[PDB]
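A.B. asks: Protein chains in written order, with the authors' numbering: chain A, 73 to 133, 152 to 162, 168 to 227; chain A', 73 to 133, 152 to 162, 168 to 227. A prime marks a further copy of an entry chain.
Dumping the structure here so I can ask a few things about it.
Okay, here's the thing in structure tokens:
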């Protein structure tokens, strides 16, 4: 495989992450502001520690007033899905594509040799890669 | 219910739709360009005729070269999910929220009295509504 994940992933600076210390409130606000459905969760050393989505934050697994009240408090660390499935930068693009097409996963976190979160490869990234 | 769906939905002009005549190619390209996972499908009279997502277009329900080849041809009309669940503009926001929180649906199409697609209400729209 000559194409790598690092060539088509979403870069670190352009990522919107969240820490386990983050409150559900500001997490939801970040979701709204950045038009997203979830983020990866990192620690202070920028190492991936989990994944968290809207259904985790709103605790769906309930209605409007429940959210009204919810936003008035548990944290991301207690709601996030810990230790997701991960790829690297040097990872062949076709393998990541295999995951993102044979499974129900749309997003795979991309880390480096030290476990530091350095990006995110999405299904849309793969489609774009096929288009470019 | 005093809050309505039309107050917090995604407006018509700001929508990214697709017709059944649309090819899978340009659909995927629109997905990439607009950072989205799917669109509502309308006819020429702007009436909602279906819904289509990335998994429908890539026919996941497979790998990178399969997409390579796929983009070189069936159309949206043969892949879209026809006649989705719908809300109106005058629809109470709390009911739509009930749907978007008690179910696995993140997006509900918003039509008018004539069946014309006039918007889209999302889970993020509900969260934002709770934040505003």
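Positions of the beta carbon are idealized from the N, C-alpha and C atoms, including for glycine.
Round the Cβ separation of residue 73(A) and residue 187(A) to the nearest angstrom and send it over; I've been treating them as touching at under 8 Å.
C.D. replies: Confirmed, about 3 Å.
A.B. asks: Taking only three categories from DSSP, how would you classify residue 198(A)?
C.D. replies: In this structure, residue 198(A) counts as coil in the three-state DSSP scheme.
A.B. asks: Give the residues of chain A in contact with residue 153(A'), contact being defined as C-beta atoms less than 8 Å apart.
C.D. replies: Near residue 153(A') (Cβ distances below 8 Å), the residues of chain A are 189, 192, 193, 196 and 197.
A.B. asks: So is residue 132(A) in contact with chain A' if we call contact Cβ pairs under 8 Å?
C.D. replies: Taking Cβ atoms only, chain A' reaches closer than 8 Å to residue 132(A), which makes this a yes.
A.B. asks: Between residue 102(A') and chain A, is there a C-beta pair that is closer than 8 Å?
C.D. replies: Chain A, which has no Cβ nearer than 8 Å to the Cβ of residue 102(A'), makes this no.
A.B. asks: State yes or no: is the beta carbon of residue 178(A) nearer than 8 Å to at least one beta carbon in chain A'?
C.D. replies: By this cut-off, residue 178(A) is not an interface position.
A.B. asks: Between residue 126(A') and chain A, is any beta-carbon pair separated by less than 8 Å?
C.D. replies: At least one chain A Cβ lies under 8 Å of residue 126(A').
A.B. asks: Looking at chain A', is there any beta carbon in it that lies within less than 8 Å of the beta carbon of residue 225(A)?
C.D. replies: Chain A' contact via Cβ: present.
A.B. asks: Name the chain A' residues whose beta carbon is nearer than 9 Å to that of residue 158(A)?
C.D. replies: By Cβ distance, chain A' contributes 225.
A.B. asks: In terms of residues, what are the limits of the alpha helix (DSSP H) holding residue 77(A)?
C.D. replies: Careful: residue 77(A) lies outside any alpha helix (DSSP H) and carries neither H nor E.
A.B. asks: Could you give the residue range of the alpha helix (DSSP H) that holds residue 122(A')?
C.D. replies: Taken as a continuous stretch (DSSP letters only), residue 122(A') belongs to no alpha helix (DSSP H), being part of the beta strand (DSSP E) at 120–125.
A.B. asks: Tell me which residue opens and which closes the beta strand (DSSP E) that residue 213(A') is part of.
C.D. replies: Segment 212–217, the beta strand (DSSP E) holding residue 213(A').
A.B. asks: For residue 111(A) versus residue 96(A), is the C-beta spacing smaller than 8 Å?
C.D. replies: Not in contact: residue 111(A) and residue 96(A) (Cβ atoms no closer than 8 Å).
A.B. asks: Would you list, in chain order, the members of the stretch 211–223 of chain A that have their beta-carbon closer than 9 Å to a beta-carbon of chain A'?
C.D. replies: Listed in sequence order: 218, 219, 220, 221, 222 and 223.
A.B. asks: If we count Cβ pairs, one from each stretch, closer than 8 Å, do we get three or more for the stretch 82–89 of chain A versus the stretch 203–217 of chain A?
C.D. replies: Flag = yes, the stretch 82–89 of chain A and the stretch 203–217 of chain A touch.
A.B. asks: Which class does residue 176(A) belong to by DSSP, given the choice of helix, strand or coil?
C.D. replies: Note: residue 176(A) maps to strand in three-state DSSP.
A.B. asks: Counting along the chain, where does the beta strand (DSSP E) carrying residue 104(A) start and finish?
C.D. replies: From DSSP, residue 104(A) is part of no beta strand (DSSP E) but of the alpha helix (DSSP H) over 96–105.
A.B. asks: Against chain A', does residue 185(A) count as a neighbour if the rule is that its beta carbon must be under 8 Å from one of theirs?
C.D. replies: It does not: the Cβ of residue 185(A) has no partner Cβ on chain A' nearer than 8 Å.
A.B. asks: Run through the DSSP bridge pairs and tell me what residue 220(A) is partnered with.
C.D. replies: Looking at the DSSP assignment, residue 220(A) forms no beta bridge with any residue, so it has no partner.
A.B. asks: DSSP three-state call for residue 193(A): helix, strand or coil?
C.D. replies: Helix at residue 193(A).
A.B. asks: According to DSSP, what are the bridge partners of residue 110(A)?
C.D. replies: Looking at the DSSP assignment, residue 110(A) forms a beta bridge with 125(A).
A.B. asks: Thinking C-beta only, is residue 130(A') closer than 8 Å to residue 196(A)?
C.D. replies: Contact flag set, yes.
A.B. asks: State the DSSP-derived secondary structure class of residue 154(A), mapped to helix, strand or coil.
C.D. replies: If DSSP states are grouped into helix, strand and coil, residue 154(A) belongs with the helices.
A.B. asks: Does the beta-carbon distance from residue 189(A') to residue 206(A') come in below 8 Å?
C.D. replies: Contact: no.
A.B. asks: Could you check whether the Cβ of residue 202(A') sits closer than 8 Å to any Cβ belonging to chain A?
C.D. replies: Cβ-Cβ to chain A under 8 Å: no for residue 202(A').
A.B. asks: Can you pull the chain A neighbours of residue 91(A'), defined as C-beta to C-beta under 7 Å?
C.D. replies: Near residue 91(A') there are no residues of chain A at all, since even the closest Cβ is about 20 Å away, more than 7 Å.
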